[PDB]
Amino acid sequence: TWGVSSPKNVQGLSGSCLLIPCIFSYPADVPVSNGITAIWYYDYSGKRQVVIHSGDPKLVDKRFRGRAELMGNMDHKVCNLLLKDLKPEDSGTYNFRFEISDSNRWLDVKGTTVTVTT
């Protein structure tokens, strides 16, 4: 079935790095050929900057370029997000989204709340 699962909360020591575990699933009858596009958003209902973008990393917002990384493997439906050099300002909500076909795309409504302390 369709869905994205990741912890409701994750802590992180400023300056260091944190890992947001994440997995996703979609129907088994959905065809796959051009792969699955992986995307991580930050503050979707606000600034909504692109944190990670498998299809075009050039699309990642300037603030996140170089400080994010997708540790997950798409063929295993793993979307583990790695945040390096954490910053207090990076505190907020991260929502994962993946794509396959024009209508077979999906953005997780839940999201993960990252808190970065000092």
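By rigid core we mean the largest C-alpha set that fits within 1.5 Å across both forms. Residue positions are given as counts along the sequence shown, with the first one as 1.
- Each structure in 4 other deposited structures of this protein is fitted to the shown form on the rigid core, and of 61 to 69 and 27 to 35 the C-alphas lie farther away on average for 27 to 35.
- Relative to its counterpart among 70 to 78 and 89 to 97, 70 to 78 has the higher mean temperature factor, C-alpha atoms as listed in the PDB entry.
- When the C-alpha B-factors of 51 to 59 and 27 to 35 are averaged, 27 to 35 comes out higher.
- By the numbers in the PDB entry, the CA B factor is greatest at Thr118 among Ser5, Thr115, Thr112, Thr118.
- The PDB entry assigns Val10 a C-alpha temperature factor belonging to the highest third of its chain's modelled residues.
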